[PDB]
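Each chain is listed here by its residues.
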Amino acid sequence: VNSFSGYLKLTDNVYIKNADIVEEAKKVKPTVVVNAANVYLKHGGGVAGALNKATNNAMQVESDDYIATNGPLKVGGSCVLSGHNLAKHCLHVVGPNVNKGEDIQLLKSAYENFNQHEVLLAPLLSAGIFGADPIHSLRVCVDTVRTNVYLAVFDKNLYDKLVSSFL
Ligand SMILES: N#Cc1ccc(OCCn2cnc(N)c3ncnc2-3)cc1
């Protein structure tokens with residue numbers, strides 16, 4: 001039993017809710033919140049900008065030190081950093097950005113990072129400003145992630161489209 005509330009069960013291990021990931025995190029304080037990161041951990045907009053703003057820029061400060069030490073992530077890769085006031089840990093995962101021409105096949109590699117964590121609160125990778133089709137992202141999630149994932153979708157219209165088209 002866990003404290004995630006109000007989710008639709010899609011499969012044995014994937015759940016989805018019409019919800020704000022920052023509010024979910026503030027409420028649940030999950031062990032892991034996933035960020036929709038880029039390779040430079042520059043949290044300017046989208047989910048990343050929202051998560052970072054909610055940490056009062058502490059996520060960005062920590063991320064800048066990470067990059068200065070380690071260099072950029074790979075597309076499809078991840079790193080574990082602090083979750084600050086939102087979660088124990090933040091798993092920064094880089095999905096391909098279609099607006100940068102990146103290969104959508106890398107979306108599966110991106111979701112594989114979730115399997116290193118037993119339970120996660122997450123957005124749909126490569127959705128929104130990353131340019132991919134969120135219906136496709138949800139399908140790859142369900143077909144790749146085997147651990148327990150709680151997906152938070154910002155927009156009622158999108159949430160209803162995802163549910164009503166889910167096979
Ligand atoms: N009109 C409209 C509209 C406004 C924001 C919006 O956010 C999508 C990405 N996103 C950003 N910030 C958050 N805290 C999120 N939680 C889940 N997804 C999140 C989508 C549609």
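- By the naming in the PDB entry, the chain is Non-structural protein 3, taken from Severe acute respiratory syndrome coronavirus 2.
- The record deposited in the PDB is entitled "PanDDA analysis group deposition -- Crystal structure of SARS-CoV-2 NSP3 macrodomain in complex with ZINC000043461211".

1. Quick word on the layout of surface pockets
- Considering only enclosed or pocket space, the largest pocket measures out at about 610 Å³ in volume.
- Considering the residues around the largest pocket, the lining is formed by 29 residues, among which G46, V47, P123, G128 and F154 are closest to the centre.
- Among the secondary structure elements, those contributing two or more residues to the lining of the largest pocket are helix 1 (21-28), helix 2 (46-54) and strand 7 (148-153).
- In terms of residue count, helix 2 provides more of the lining of the largest pocket than any other element does, four residues in total.
- Residue composition of the lining of the largest pocket, by class: 18 nonpolar, seven polar and four charged.

2. Some thoughts on the side chain of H117
- Along the polypeptide, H117 turns up in the loop between helix 4 (106-112) and strand 6 (119-122).
- Look past the residues within four positions of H117 in its chain and what remains in contact with it is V32, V80, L91 and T147.

3. A look at the pairing of strand 3 (residues 32-36)
- With respect to burial, strand 3 is a largely interior element, five of its five residues being buried.
- Residue alternation in strand 3 divides its side chains into two sets, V32, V34 and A36 and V33 and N35, and both sets are buried.
- Inspection of the sheet shows strand 3 paired to strand 5 (residues 89-93) by five bridges, in the parallel sense. Residue pairing in the sheet places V33 in a bridge with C90 of strand 5.

What counts as what
Residues numbered from 1 in each chain as written, not as in the entry; some residues may be left out. Heavy atoms only, no water. 1 Å grid on protein atoms, 1.4 Å probe; cavity = no way out; pocket = protein on both sides within 12 Å on 5 of 7 lines; lining within 4 Å. Points joined across faces, edges and corners; volume = space filled by probe spheres on them. Helix = DSSP H or I, 4+ residues; strand = E, 2+ residues; numbered from the N terminus. Nonpolar A, V, L, I, M, F, W, Y, C, P; charged D, E, K, R; others polar. Contact = heavy atoms within 4.5 Å. Buried < 20%, exposed > 50% of the residue type's maximum accessible area, 1.4 Å probe, protein only. Pairing = 2+ DSSP bridges.

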